[PDB]
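Q: The structure is given below, and queries will be raised subsequently.
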RNA sequence: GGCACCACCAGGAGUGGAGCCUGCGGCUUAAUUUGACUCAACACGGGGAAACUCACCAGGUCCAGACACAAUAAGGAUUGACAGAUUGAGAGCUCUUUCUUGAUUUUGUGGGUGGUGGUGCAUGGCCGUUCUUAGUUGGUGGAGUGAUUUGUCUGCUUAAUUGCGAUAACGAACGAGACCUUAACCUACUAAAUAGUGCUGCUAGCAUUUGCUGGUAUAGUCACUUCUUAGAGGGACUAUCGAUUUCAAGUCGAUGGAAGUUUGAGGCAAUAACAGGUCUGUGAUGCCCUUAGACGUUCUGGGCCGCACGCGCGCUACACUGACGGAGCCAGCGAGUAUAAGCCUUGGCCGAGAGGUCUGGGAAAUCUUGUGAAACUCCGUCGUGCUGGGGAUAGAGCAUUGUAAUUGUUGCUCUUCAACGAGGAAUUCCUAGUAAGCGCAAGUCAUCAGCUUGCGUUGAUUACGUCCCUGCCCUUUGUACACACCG
Ligand SMILES: [Mg+2]
Ligand SMILES: [Mg+2]
Ligand SMILES: [Mg+2]
Ligand SMILES: [Mg+2]
Ligand SMILES: [Mg+2]
Ligand SMILES: [Mg+2]
Ligand SMILES: [Mg+2]
Ligand SMILES: [Mg+2]
Ligand SMILES: [Mg+2]
Ligand SMILES: [Mg+2]
Ligand SMILES: [Mg+2]
Ligand SMILES: [Mg+2]
Ligand SMILES: [Mg+2]
Ligand SMILES: [Mg+2]
Ligand SMILES: [Mg+2]
Ligand SMILES: [Mg+2]
Ligand SMILES: [Mg+2]
Ligand SMILES: [Mg+2]
Ligand SMILES: [Mg+2]
Ligand SMILES: [Mg+2]
Ligand SMILES: [Mg+2]
Ligand SMILES: [Mg+2]
Ligand SMILES: [Mg+2]
Ligand SMILES: [Mg+2]
Ligand SMILES: [Mg+2]
Ligand SMILES: [Mg+2]
Ligand SMILES: [Mg+2]
Ligand SMILES: [Mg+2]
Ligand SMILES: [Mg+2]
Ligand SMILES: [Mg+2]
Ligand SMILES: [Mg+2]
Ligand SMILES: [Mg+2]
Ligand SMILES: [Mg+2]
Ligand SMILES: [Mg+2]
Ligand SMILES: [Mg+2]
């Protein structure tokens with residue numbers, strides 16, 4: 001897929017810091033309402049990430065549920081050239097409740 | 001037809017062998033008695049059981065009945 | 001926005017139906033039984049019942065935290081407006097959903113059907129079920145497909161009580177040669193029911209004879 | 001299980017699976033730096 | 001903004017919890033000397049959907065007839081606004097939704 | 001032997017005969033996509049297709065071919081592109097044309113991925129059918145070496161293997177019945193300004209007797225729950241009395257009753273089974289096929305409607321128990337929206353109509369709505385005549401929906417005014433608020449309902465019996481069948 005580097009970037013800082021992404025299955029949608037780029041870009045950009053074992057993908061009721069692997073946090077640790085302060089938000093150890 | 005079933009026929013004749021002195025020939029009195037004697041899940045079965053018990057009671061006074 | 005009463009109660013049901021299937025697909029490996037949506041002021045409490053509440057609440061509750069985020073981003077909910085709790089099912093043997101998912105994880109491991117089928121027959125009865133019947137249909141090495149029923153104990157079939165004391169779960173099992181369909185019908189004991197009727201409609205319980213006392217002619221006991 | 005065997009060893013092997021699990025399961029119950037800040041500290 | 005004529009609208013699919021919440025509010029509006037009007041049983045609405053049984057189009061023409069009963073009750077209270085809202089939290093039920101209109 | 005209006009008897013309405021609607025075969029076709037062929041294929045795939053739907057046909061785009069490699073590659077791997085040509089097209093599709101972007105990406109290898117592509121005779125699930133008929137099963141005991149058998153039956157009775165009863169059986173389970181939903185009763189409870197009423201304020205018209213019809217009334221800060229709504233209950237259990245009967249299960253009459261056909265109607269529904277139908281419901285599937293000149297997907301246009309014919313579900317009718325023309329004027333089941341992508345729409349004003357316009361109400365017991373529906377009833381015209389029955393076919397014209405109406409979407413106006421004068425052999429549905437008419441609402445739906453799913457208005461004739469036909473069940477029997485006569 002041909003994604004501009006800048007638009008692919010916004011796709012990467014949404015799949016990090018809130019390391020889960022939800023995308024409705026419509027390829028011609030102008031705006032996925034949470035990543036200011038084409039909706040098709042979001043699907044195909046994360047299809048590569050799940051293709052390279054960085055996100056699990058689940059599909060239910062014409063909707064994509066993307067979740068970031070622990071191995072994928074390390075990939076964005078280096079490729080994004082970001083500080084080594086990790087834990088996007090769903091990994092911040094907010095701890096459950098009993 | 002109005003053929004009573006086995007769940008009402010056998011359950012009614014157990015009452016007579018167990019509570020004959022308290023029973024009577026009146027359906028209305030019998031209907032109230034069986035609500036405190038048996039645990040019936042539905043109101044319709046309660047009247048059905050008492051209505052056949054009354055028939056058996058009405059038949060016992062004319063002679064001996066089979067199964068009681 | 002402004003939604004009619006007819007269209008609002010349906011939306012809550014449709015939301016439940018879509019949310020329930022989402023857990024079945026995602027938490028299939030953890031014996032997902034069901035979900036309860038407890039609406040409350042300033043919060044949307046969601047109670048999920050699974051055999052294993054460690055797979056959902058694993059590695060400092062990372063998965064459940066990363067799983068509630070997938071629902072805020074799909075239903076446009078406020079991040080504080082929803083709270084998810086994972087609760088263990090008390091009687092795992094009485095849940096046909098847990099028993100059907102457990103059977104699939106065994107059938108997919110190559111275990112023989114007879115050993116797998118009898119593993120849920122005895123597990124259901126051990127938990128105290130009144131009856132259980134398991135049907136497995138599909139193809140196994142043979143080109144022709146077949147179905148086998150494994151009953152046990154007492155089972156009711158017709159009328160309303162089947163909607164009250166019986167829960168059912170069907171799942172499709174993905175095999176290398178096709179699809180295996182399993183049906184797990186479990187009838188719970190009506191005496192333990194805590195919300196509906198506590199007995200079958202035709203169960204008549206006659207009390208015992210309180211008679212056989214001795215009557216004395218005619219005294220008066222004063223107080 | 002189309003044999004007189006492997007269903008014999010399906011029940012005795014199947015039932016010992018449950019007996020091991022009811023007791024195991026009845027024991028299981030009786031004994032019961034952030035990120036967005038790093039994106040704003042560019043002052 | 002003190003004592004007002006206040007409407008609470010109760011809608012749900014199941015009547016047992018609806019009458020418990022309805023009776024519980026009436027109970028709390030009795031020991032508290034608050035004049036009340038209700039509950040008013042609105043005519044229940046039967047949402048019916050009739051589909052074909054066959055996923056395909058083969059067999060006898062057999063139909064399912066699904067139903068979704070909606071029961072709606074409105075209760076009128078004469079109390080200050082602070083009192084009525086806290087009553088709602090006393091009688092909160094997952095099945096029944098509540099809307100309050102002045 | 002037994003049961004059954006998907007069987008018959010007595011009958012009712014019919015269909016088959018006509019025109020037209022629609023489905024099927026056939027023919028035709030550039031394609032007229034396809035499944036289904038007795039019941040259990042043929043107004044069925046919720047399949048009422050202008051585009052989409054769409055799978056077909058004639059053409060035109062895109063990759064939305066992830067990923068590991070290898071090649072190429074900054075001295076630029078590649079993407080977008082004005083203008084002209086080309087094209088159906090203001091598709092940079094392609095061709096002249098040099099601009100722009102920059103390692104996302106181009107080629108080969110593997111690997112994918114997507115298919116309304118094939119296989120429902122490889123499968124899951126679902127559904128239909130045997131069959132909603134009344135059938136099925138185990139414990140102990142008896143018989144047998146055994147597989148098995150009795151129990152599960154001569155008779156009566158029931159809607160019913162449902163009961164009485166006979167009894168090497170006794171006592172039980174599933175199914176049936178129980179159960180659940182709905183309709184009919186409650187002046188007995190609980191309340192209701194989103195329901196109704198009497199009074200009461202204020203107020204109108206007509207005769208004046210103080211009466212009779214109304215409007216108004218969300219402050220009359222009234223009264224009440226019969227009508228309306230719905231929750232807790234009550235109420236029918238064949239109750240009482242006559243007959244028959246093995247005096248048993250029951251059945252038929254009366255009386256009371258709201259209800260005495262399981263009170264009426266449904267929902268659920270056993271043990272197994274079918275090569276029944278669906279991979280054209282599924283991001284349900286195994287395998288096969290295809291995968292860049294696609295069988296993916298998209299755009300444009302056509303087709304699914306195409307017409308010498310056979311068949312099925314239906315709608316109008318053939319008139320006077322009627323057509324028109326005025327007038328009277330009564331239901332129930334339901335549905336309804338927002339920054340949309342536009343819902344139900346009263347009321348006012350235009351218009352012969354269809355329809356248009358301006359406001360307002362309603363996310364609804366509040367408004368549309370008492371949905372003032374149609375049959376129906378009254379009074380007239382017509383007068384047995386292919387007539388004022390019938391309204392195809394067609395010409396000209398007016399509106400609506402939609403990007404788009406041509407192969408007329410639908411509606412309206414004038415005109416043309418066809419077969420049909422009650423239908424052969426055959427054949428369907430049906431027993432009481434039933435059949436038949438008669439409309440209305442919901443589903444499909446931008447538009448289109450001669451279709452279904454329901455609802456109510458008017459409302460019968462004739463049995464309440466049988467095995468004569470037909471189908472199914474049971475018992476006995478024969479068997480060289482057991483993949484079970486498709487043997
Ligand atoms: Mg039963
Ligand atoms: Mg039943
Ligand atoms: Mg006939
Ligand atoms: Mg006849
Ligand atoms: Mg006709
Ligand atoms: Mg088309
Ligand atoms: Mg097209
Ligand atoms: Mg075609
Ligand atoms: Mg295709
Ligand atoms: Mg099948
Ligand atoms: Mg035996
Ligand atoms: Mg024996
Ligand atoms: Mg039986
Ligand atoms: Mg039963
Ligand atoms: Mg008022
Ligand atoms: Mg007045
Ligand atoms: Mg009934
Ligand atoms: Mg088949
Ligand atoms: Mg076949
Ligand atoms: Mg398919
Ligand atoms: Mg498919
Ligand atoms: Mg579909
Ligand atoms: Mg193509
Ligand atoms: Mg067609
Ligand atoms: Mg044509
Ligand atoms: Mg039909
Ligand atoms: Mg007239
Ligand atoms: Mg109204
Ligand atoms: Mg005409
Ligand atoms: Mg004429
Ligand atoms: Mg016939
Ligand atoms: Mg059309
Ligand atoms: Mg319609
Ligand atoms: Mg149709
Ligand atoms: Mg033989």
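Rule-based calculations on the coordinates, nothing more; no lab input. A quick note on method: Cβ atoms are made from the backbone with ideal geometry, for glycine too, and the neighbour counts reach across all protein chains shown.
Q: Could you line up A:9, B:6, B:31 from fewest to most neighbouring Cβ atoms inside 10 Å? Let's see the in-between values first.
A: Values: A:9 13, B:6 8, B:31 17.
The most exposed by this proxy come first: B:6, A:9, B:31.
Q: Which one, C:89, C:120, C:14, has the greatest fluctuation when you compute a Gaussian network model over chain C with C-alpha springs under 10 angstrom?
A: Highest fluctuation among the options: C:14.
Q: Using the alpha-carbon atoms, what tilt in degrees (0 to 90, nearest 10) does helix C:62-72 show relative to the longest principal axis of chain C?
A: 80 degrees
Q: Taking 30 Å as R0, compute the FRET efficiency from the Cβ-Cβ separation of residue E:35 and residue E:88 and round it to 0.05.
A: Values: r = 18 Å, r/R0 = 0.61.
Efficiency at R0 = 30 Å is approximately 0.95.
Q: Please give the Cα centre distance for region A:3-26 versus region C:147-189, rounded to the nearest Å.
A: Here the two parts' Cα centres lie 43 Å apart.
Q: Could you work out which residue, out of E:67, E:19, E:58, moves most in a Gaussian network model of chain E, that is, has the largest mean-square fluctuation with Cα springs under 10 Å?
A: Sorting by GNM fluctuation, first place goes to E:58.
Q: While we're looking at this one, here's another question. Only Cα pairs under 8 Å and at least 6 apart count here; give the relative contact order of region E:27-97 as a rounded whole percent.
A: Across region E:27-97, relative contact order equals 36 percent.
Q: Another question, then. Taking Cα pairs under 8 Å and at least six residues apart, what relative contact order does chain C come out at, in percent?
A: 14 percent.
Q: How compact and how long is region C:57-108, expressed as Rg and Dmax of its alpha-carbon atoms in Å?
A: 15.0, 41
Q: Still on this structure, please answer the following. Using the 10 angstrom Cβ neighbour count as an exposure proxy, how do B:16, E:8, E:3 rank, fewest first?
A: Fewest-to-most Cβ neighbours within 10 Å comes out as E:3, B:16, E:8.
Q: Let me ask another. Measure nothing fancy, just the Cα-based angle from helix E:15-31's long axis to the longest principal axis of chain E, in degrees from 0 to 90, nearest 10.
A: Helix E:15-31 sits at roughly 10 degrees to that axis.
Q: Name the most mobile residue of C:129, C:50, C:17, meaning the one with the largest mean-square fluctuation, in a Gaussian network model of chain C with Cα contacts below 10 Å.
A: C:17
Q: So for C:157, A:32, fewest C-beta neighbours within 10 Å to most, what's the order?
A: With the fewest neighbours first, C:157, A:32 line up as C:157, A:32.
Q: Based solely on its DSSP helices, what 222 nm [θ] is calculated for chain C when runs of n ≥ 4 H residues each add -39,500 (n - 2.57) and the sum is averaged over all residues, nearest 500 deg cm²/dmol?
A: It comes out at -9000 deg cm²/dmol, rounded to the nearest 500.
Q: Right, next: Return the Rg/Rh value of region A:28-71, two decimal places, where both radii are evaluated on C-alpha atoms and Rh is the Kirkwood radius.
A: 0.98
Q: With the cut-off at 1.5 for a/c, could you classify chain D from its C-alpha gyration tensor as rounded, prolate or oblate? Display every interim value, and only then the final one.
A: Working: a/c = 13.61, a/b = 2.89, b/c = 4.72.
Oblate, since a/c reaches 1.5 and b/c is not below a/b.
Q: Distances over 44 Å make up what percent of all Cα-Cα pairs in the protein assembly as shown? Before the final figure, lay out each step's value.
A: Working: 57130 of 142311 pairs.
Here the tail beyond 44 Å accounts for 40 percent of pairs.
Q: Please give the calculated 222 nm ellipticity per residue for chain D, where each DSSP H segment of at least 4 residues contributes -39500 (n - 2.57) and the sum is spread over every residue; nearest 500 deg cm²/dmol?
A: -19000 deg cm²/dmol
Q: Working from the alpha-carbon coordinates of chain E, get Rg over Rh, Rh being the Kirkwood radius.
A: Values: Rg = 19.2 Å, Rh = 15.7 Å.
Expressed as Rg/Rh, it is 1.23.
Q: Would you please state which residues of region A:44-83 a label at residue A:93 would reach in this model, taking the label point 7 Å out along Cα→Cβ and a backbone N cut-off of under 18 Å?
A: In region A:44-83, the label zone of residue A:93 (backbone N under 18 Å from the point 7 Å along Cα→Cβ) covers A:70-71, A:73-74.
Q: Provide Rg and Dmax in Å for chain A, with only Cα atoms included in the calculation.
A: For chain A, the Cα-based Rg and Dmax read 13.6, 47 Å.
Q: If each DSSP helix of 4+ residues adds -39,500 (n - 2.57) and the sum is divided by the residues in chain E, what number results at 222 nm, nearest 500 deg cm²/dmol?
A: -8500 deg cm²/dmol
Q: Also, I was wondering about something else. Which angle between 0 and 90 degrees, to the nearest 10, do you get for helix E:81-90 versus the longest principal axis of chain E when only C-alpha atoms count?
A: So the inclination is approximately 50 degrees.
Q: In chain C, how does Rg compare with the Kirkwood Rh, expressed as the Rg/Rh ratio over alpha carbon atoms?
A: Working: Rg = 24.3 Å, Rh = 21.0 Å.
Using only Cα positions, Rg/Rh for chain C is 1.15.
Q: What relative contact order, as a whole-number percentage, does chain B give when Cα pairs under 8 Å and 6 or more residues apart are counted?
A: 44 percent
Q: Let me ask something additional. How big is D, in µm² s⁻¹, for chain B by Stokes-Einstein at 25 °C and 0.890 mPa s if Rh is the Kirkwood radius over C-alpha pairs? Don't jump to the answer; show the numbers that get you there.
A: On the way: Rh = 11.9 Å.
Using the Kirkwood radius from Cα pairs, D works out to 206 µm²/s.
Q: Taking 7 Å along the Cα-to-C-beta vector as the label spot, tell me the residue C:143-residue E:72 distance in nanometres, rounded to one decimal.
A: The two pseudo-label positions are separated by 6.2 nm.
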